[PDB]
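Enquirer: these chains are from a complex, not moved at all, and more is on the way:
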Amino acid sequence: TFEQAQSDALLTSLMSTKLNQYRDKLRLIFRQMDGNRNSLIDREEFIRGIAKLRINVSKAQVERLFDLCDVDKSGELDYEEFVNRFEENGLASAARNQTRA
C-alpha cells in the first residue's frame, strides 16, 4: 500500500535525521544499540534503541524496519547494513521523494 510505503519512507527519514546529527553519531548509536559485546544487532536491541530514541512507533513497524535493514536472512543487523539504510539521504531520501512509485 502507498500508505505503508510512505510510512516506511517517513520513518527511515526520521531515524536518519535523528542520527547523523553529528559526525560518527551513527557509529555511537550503533554501539549503544547492543548491550552485548557483539556488533550484530538483535531484534530486541533494535526495539530498545528505537525506544531510546524519542519516537512513538509500533512494534510492527519496528519489525518492518528490522527486516528492511538487510539481515542477510540471518536475523541480526550488521554495522554495514545499519549504515546502508541509515545513511544521510540515499535510500531514505529516495523513498521519501518517490511517492508515485
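Expert: It's in. Residues are numbered from 1 along each chain as shown, chains lettered A, B, ... in the order given.
Enquirer: Report the buried residues of the top helix by length along chain A.
Expert: Determined from DSSP state H, the single longest helix within chain A is helix A:2-18. Within helix A:2-18, the residues scored as buried using 16 or more other CB atoms under 10 Å are A:8, A:9, A:11, A:12, A:13, A:15, A:16. (C-beta placed from N, C-alpha, C; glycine too.)
Enquirer: Please apply the same query to stretch A:15-31.
Expert: Quick answer for stretch A:15-31 (16+ other CB under 10 Å): A:15, A:16, A:19, A:20, A:26, A:29, A:30.
Enquirer: still on that earlier bit, tell me what the helix or strand that the longest helix of chain A is followed by is packed against?
Expert: Sequence order places helix A:25-33 as the next helix or strand after helix A:2-18, per DSSP states H and E. Applying 3 or more CB pairs under 8 Å, 6 or more residues apart in numbering; DSSP states H and E, we find helix A:25-33 packed against helix A:43-52, helix A:79-85.
Enquirer: let's see it at 10 Å
Expert: Using 3 or more CB pairs under 10 Å, 6 or more residues apart in numbering; DSSP states H and E, the elements in contact with helix A:25-33 are helix A:2-18, helix A:43-52, helix A:79-85.
Enquirer: Nearest to residue A:98, out of those?
Expert: Evaluated with CB to CB, the helices and strands packed on helix A:25-33 place helix A:2-18 nearest to residue A:98, the distance being 7.9 Å.
Enquirer: tell me the angle the closest one makes with helix A:25-33.
Expert: Interaxial angle, helix A:2-18 versus helix A:25-33 (axes from the mean of the first three to the mean of the last three CA atoms, to 10 degrees): 100 degrees.
Enquirer: can you give me how far helix A:2-18 is from the chain middle?
Expert: Here the centre of helix A:2-18 is set off from its chain's centre by 9 Å, with CA atoms, centre = their mean, to the nearest Å.
Enquirer: could the buried residues of stretch A:15-31 go into JSON lines alongside distance to residue A:101?
Expert: Putting the buried residues of stretch A:15-31 into JSON lines (distance: CB to CB, whole Å) gives the following:
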{"residue": "A:15", "distance to residue A:101": "20"}
{"residue": "A:16", "distance to residue A:101": "19"}
{"residue": "A:19", "distance to residue A:101": "24"}
{"residue": "A:20", "distance to residue A:101": "24"}
{"residue": "A:26", "distance to residue A:101": "26"}
{"residue": "A:29", "distance to residue A:101": "28"}
{"residue": "A:30", "distance to residue A:101": "29"}
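Enquirer: attach chain B to the model above:
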Amino acid sequence: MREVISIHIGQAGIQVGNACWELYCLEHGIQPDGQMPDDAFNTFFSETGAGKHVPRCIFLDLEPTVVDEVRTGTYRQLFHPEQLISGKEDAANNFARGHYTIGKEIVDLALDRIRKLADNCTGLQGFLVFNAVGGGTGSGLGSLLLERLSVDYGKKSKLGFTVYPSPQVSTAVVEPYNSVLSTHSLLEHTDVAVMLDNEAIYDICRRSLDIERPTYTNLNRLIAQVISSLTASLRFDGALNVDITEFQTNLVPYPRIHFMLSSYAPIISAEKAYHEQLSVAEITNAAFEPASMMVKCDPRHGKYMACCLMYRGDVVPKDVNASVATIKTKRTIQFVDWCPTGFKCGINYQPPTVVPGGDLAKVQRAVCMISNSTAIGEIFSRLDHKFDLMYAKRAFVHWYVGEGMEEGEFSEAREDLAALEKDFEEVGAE
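Expert: Adding chain B to what we have so far:
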C-alpha cells in the same frame, strides 16, 4: 473570546507556521484532518458546525512553491484553501518588488481575508505576524501589511516575531538592504517585535540539542515552542495569568523601545533528559544564560530593562520567586537604574507538549524569557555598517530603484536606524 489572528509572510513565515500549527494541533488534540476526537482552541482555531476546526491563520507569499508545499503536505484538510494566498512572481529578495509593484494586490487580498477572519472573532487579543526581515516577500509585503493593519484596525496588538540576519553567517547579499528598509517600516507599526537570529538558534541546537547539523525544521520547532509558551496563558488557565495586552504594559517602557530578546529553557534532547534536576532555579538560570538566547547578542554588553517570564508546567510561585531573587542578587545580570522591579512573572499549569519525531524531550517545567534590554542595539549597529559599506558604492541600488523606490528611501531608513541606535544609547545611559 481570546482569539489571536496568525499571519505568516514569506518563506520563513510559512515554514515557522508549519511547525507552529503542528504544535498547536498536537497541543489541542486537533488531528491533521481538521477535527478532534473546552474552547481552549478558540485562540487559534474556529470550530464549524460539522466539528471541523480551521486555524485563524493566513499564509501570505509571493512565491507559489512554499504555499503549495502546505497544500501538498500533511496539513491539507486543516487550513482554509483561500486562507493560503499565493503570488505568481517571487519578490526576488527585493524590498521594492515586495512593497511597491508585486505586493499591492496580494496585500489587498490579504487585508480582505484578514477582515473576514477578524469578523469571526468575538474578542481579538491581536495579531501574530511571522515574517523574514531580509527578504522581499517577508520584508516588503510584511511591512505593507503591517502598515495597512495599523491604518485600519488601529490599536490591536501586533506582535512581530521577526527573523533578522545573523551577524557573520547569512544566506543573502542584499539582506542588509531589505533588513534596514523593513526595520524602518516596523519601528513605527508593530507593538512588540520579538527578535530572532538563525545563528543563535543554530548555536542553541548545537550546544543544547547536540545537533551539529541543524536544519530549518529544527529552528522552526524551537520557535514554535517559544510562541506556544508565550500564548499558553491565553488558552490554559494558570496562576499569574499573563495577557497579550499585559506583555506591552509590563515590557514596553517607551513606544520606540519594543524589541524583545527571547530565550527558551530547557532545551534537552531525549538522551540527555531526566539526568539533571531541571528545577525551577536551574531552568531560570539556563534561560538567563547568554548561550541560550535566541539572538546573537550578548546581554552582558547591555542592561536588562524588563524581563517577562512564562513558566509552564509544575512551577510553584515560591520557587519562581526564589529563582528570580537569585537572578536579581546575581552580579552578572544588570538592570537599568530606573526599573527596580523589572520582572513580570507568569505561571501556567499546562506543561509544554512535545512534538513526536522532534528532538525536544518531555519536560514538566519550561521557561520562556522575553526581555527588553539595551543590548539589542548591538545587532542594529552591525546591520548599520553592513548597510553603509554597501551603500557607499550603491551596490544593488538599481535593483531597488527599478521597482519604484528612491535613494531617499535608503537614506531615511539609515537615518531612522541611527535614531533608534541613539534612543537605545539614551535609555541605557543614566
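Enquirer: and the buried residues of stretch A:15-31, now that chain B is in?
Expert: Neighbour-count burial for stretch A:15-31, with 16 or more other CB atoms under 10 Å in any protein chain shown as criterion, is recorded at A:15, A:16, A:17, A:18, A:19, A:20, A:21, A:25, A:26, A:29, A:30.
Enquirer: out of these, who's nearest chain B?
Expert: Distance to chain B across the buried residues of stretch A:15-31 (CB to the nearest CB) is lowest for residue A:21, with 4.6 Å.
Enquirer: Contact partners for that closest one?
Expert: Applying CB atoms under 10 Å, 6 or more residues apart in numbering or on different chains to residue A:21 gives the contacts A:29, A:88, B:205-206, B:209-215, B:218, B:269, B:359.
Enquirer: Ramachandran coordinates for it?
Expert: Here is the backbone geometry of residue A:21 (degrees, to the nearest 10): phi -70, psi -30.
Enquirer: roughly how far apart are it and residue B:289?
Expert: 22 Å (CB to CB, to the nearest Å).
Enquirer: So which bits of chain A are right by chain B?
Expert: Residues of chain A found near chain B (CB under 10 Å from any CB of the partner chain) are A:10-11, A:13-15, A:17-18, A:20-23, A:25, A:29, A:32, A:51-57, A:88, A:99.
Enquirer: Grab the nearest non-local neighbour of the closest residue to chain A within the stretch 101-250 of chain B.
Expert: With CB to the nearest CB, the shortest gap between the stretch 101-250 of chain B and chain A falls at residue B:212, namely 3.6 Å. Spatial nearest neighbour of residue B:212, excluding adjacent residues (CB to CB, 6 or more residues apart in numbering or on different chains): residue A:22 at 3.6 Å.
Enquirer: right, and the one you found touches residue B:207 too?
Expert: No: using CB atoms under 10 Å as the test, residue A:22 is too far from residue B:207 to be in contact (11.7 Å).
Enquirer: Alongside chain A, which residues does the stretch 201-350 of chain B contribute?
Expert: Proximity of the stretch 201-350 of chain B to chain A, by CB under 10 Å from any CB, involves residues B:205-206, B:209-215, B:217-218, B:269-271, B:273.
Enquirer: cutoff 8 Å now
Expert: B:210, B:211, B:212, B:213, B:215, B:269, B:270, B:271 (CB under 8 Å from any CB of the partner chain).
Enquirer: So the second one, which state does it fall into?
Expert: For residue B:211, the secondary-structure state derived from DSSP: H, G, I helix; E, B strand; the rest coil is coil.
Enquirer: okay, now chain C:
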Amino acid sequence: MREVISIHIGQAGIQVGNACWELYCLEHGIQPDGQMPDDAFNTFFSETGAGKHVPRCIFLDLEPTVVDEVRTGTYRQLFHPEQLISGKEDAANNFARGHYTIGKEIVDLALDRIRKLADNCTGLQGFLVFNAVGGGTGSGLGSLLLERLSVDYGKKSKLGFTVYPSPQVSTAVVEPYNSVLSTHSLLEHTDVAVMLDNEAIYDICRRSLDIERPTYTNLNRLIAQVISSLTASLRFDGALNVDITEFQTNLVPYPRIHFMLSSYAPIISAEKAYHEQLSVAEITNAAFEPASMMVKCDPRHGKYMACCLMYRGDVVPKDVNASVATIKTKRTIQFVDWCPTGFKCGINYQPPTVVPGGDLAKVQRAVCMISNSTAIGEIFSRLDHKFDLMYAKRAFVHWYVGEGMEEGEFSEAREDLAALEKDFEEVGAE
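Expert: Adding chain C to the chains above:
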C-alpha cells in the same frame, strides 16, 4: 546533613572509585541502575525526583579510556554523565603535563561540577580525594585540584587517599619524580593524607588471602573496604561515634605530620573463615601486626604518635578497651613519650558488607587502624634518594621542563621532603 564529596583523579583513582562505589551501593542497597527498592545514603548519595540516587562523586581524568570504561560498564545509569569528566590527551606520567598545560581547562570544569555538587549539600564534612601519587594525572592534576579547593572552599577537610610507589617493585620510571613533586604539593593542601603501597597490598593478598596472583581489582577492593570502614560512622550509628572533622583533632598532632598508615583486619578468605575466634583482641593484634599494614614500612622502626581504630560489627567497649590496654602494655609496639593516650577508638554497629565475587569473607568484626607514626619517614627516605639519584643526572628532567617546570621546582620539592624528614626525626625525638 553529613555529605562528603568524593573525587577520583587518574586511572588508579577511578579504578579504586569503582570498587568504593560498588561497595557503597551494596551497603546501602542501591541497585546499579541508580535507585533502591533512614536517609543513610545522604553522606554519599542524593536522591532525585524519580527516586534515583546519584553519588556525590566526580570522576576526573585526562584520558578518555578509563572514564569510558565506566560510561559503558554496569555503573552507567548511576553516575551523572557530566560527573564523568574526560580529557583528550593523557598526562603521560608527567606532573608538568598534568599540572601546568593540559590540566587547566579540565580542572576548571572540575571546579564547576564540584561547585554544583556542593550546592546540593546542606552540610559538607569535606572532600575525599582518591588519586595515584606517581603519575601525571594522579599527581599533577590532583595537586592542582587540591590547590584550587583549598583556595576557594576553605575550611572543608580534605582527606587524600594517596597511592605511593612501592619500595622496590614499580611500574613507572619517573615515579619518584612525580611522587616527590606531588608530596610537596599535598604536604600543605591535604588535611589527612593516607599512604597506600601496592607492594604491601600484594603481600597482604599473598599471605592473608592466599592469592598468588593478586591484581588491581583485588587491591582496589581492599582499599574500598578500608575507606568504607573509615566512613561507616558517618552513615551508621554506633557506640563511640567518630567524625570526619575529629579525625584531625584525634589524629594529627602537628599539621605537617598528617600522613597515615592504614591496616585492615581481618583479611581472610571464606575457606579460612569460621576457623579461628576472630575476637576483638586478636583482630586488634593483627591490625597492629607489621604484615597487615598497607604500606611497606616496618612500624617497629619508628614510634606511633596516634592510632585511630574503627571497629565494625559486634564490638563492645570492654573488648576494645582490653585490646588497646594489651597493645599498650605490649613491649614491641612503642608510642611516643608526649602522647600518653594516643588512641581514638570508635565502634559501629554495621558489620562490613562483602562484595559478591570478592575474596574477603563475611566477618562479624572488622578493624580499620589508621595510625600517625614517625616510622613513615622511612618510605620518604626511600623516595628521597630514588629522586636524588636520578636528579643528579637530571634524568627525564627535560620532559618535565618542556611543559613549564623548572629545576628550582624539583629542588624545592626535594628540599621540602628533606624538611619533612627532619620534622619526623624531631617529632619522634623527645
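Enquirer: try what packs on helix A:25-33 again now we have chain C.
Expert: helix A:43-52, helix A:79-85 (3 or more CB pairs under 8 Å, 6 or more residues apart in numbering or on different chains; DSSP states H and E).
Enquirer: now those as JSON lines including mean neighbour count and distance to residue C:421?
Expert: Formatted as JSON lines, those follow (neighbours: other CB atoms under 10 Å in any protein chain shown; distance: least, CB to CB, whole Å):
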{"stretch": "helix A:43-52", "mean neighbour count": "16", "distance to residue C:421": "58"}
{"stretch": "helix A:79-85", "mean neighbour count": "16", "distance to residue C:421": "59"}
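Enquirer: any chance of these in JSON lines, plus distance to residue C:426?
Expert: JSON lines is the format used below for the helices and strands packed on helix A:25-33 (distance: least, CB to CB, whole Å):
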{"stretch": "helix A:43-52", "distance to residue C:426": "63"}
{"stretch": "helix A:79-85", "distance to residue C:426": "66"}
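Enquirer: Adding distance to chain C, write those helices out as a markdown table.
Expert: Output for the helices and strands packed on helix A:25-33, formatted as a markdown table (distance: least, CB to the nearest CB, whole Å):
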| stretch | distance to chain C |
| --- | --- |
| helix A:43-52 | 12 |
| helix A:79-85 | 17 |
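Enquirer: Nearest to residue B:301, out of the ones you listed?
Expert: The minimum distance between residue B:301 and the helices and strands packed on helix A:25-33 falls on helix A:43-52, with 40.8 Å, by CB to CB.
Enquirer: sorry, back to before: which residues sit against the longest helix of chain A?
Expert: A:50, A:53, A:55, A:57, A:61, A:64-65, A:68, A:85-89, A:91-93, A:95-96, A:98-99, A:101, B:215, B:357, B:359 (CB atoms under 8 Å, 6 or more residues apart in numbering or on different chains).
Enquirer: and the residues you listed, which are buried?
Expert: Among the contacts of helix A:2-18, those classed as buried by 16+ other CB under 10 Å are A:50, A:53, A:55, A:57, A:64-65, A:85-87, A:91-92, A:95-96, B:357, B:359.
Enquirer: just checking, which of those belong to helices?
Expert: Mapping the buried ones among the contacts of helix A:2-18 onto helices (DSSP H) picks out A:50, A:64, A:65, A:85, A:91, A:92, A:95, A:96.
Enquirer: CA atoms only for the longest helix of chain A, dumped as CSV, please.
Expert: Extracted C-alpha coordinates of helix A:2-18, given in CSV (Å, rounded to 0.1, in the frame of the first residue of the first chain):
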residue,chain,number,x,y,z
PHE,A,2,1.2,3.5,-0.8
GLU,A,3,0.3,4.4,2.8
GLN,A,4,2.7,1.8,4.1
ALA,A,5,5.4,2.8,1.7
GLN,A,6,5.1,6.4,2.8
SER,A,7,5.1,5.3,6.4
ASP,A,8,8.4,3.4,5.8
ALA,A,9,9.9,6.3,4.0
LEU,A,10,8.9,8.8,6.6
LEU,A,11,10.2,6.6,9.5
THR,A,12,13.5,5.9,7.8
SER,A,13,13.9,9.6,7.1
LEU,A,14,13.1,10.5,10.7
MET,A,15,15.6,8.0,12.0
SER,A,16,18.3,9.2,9.5
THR,A,17,17.6,12.8,10.6
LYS,A,18,17.8,11.9,14.3
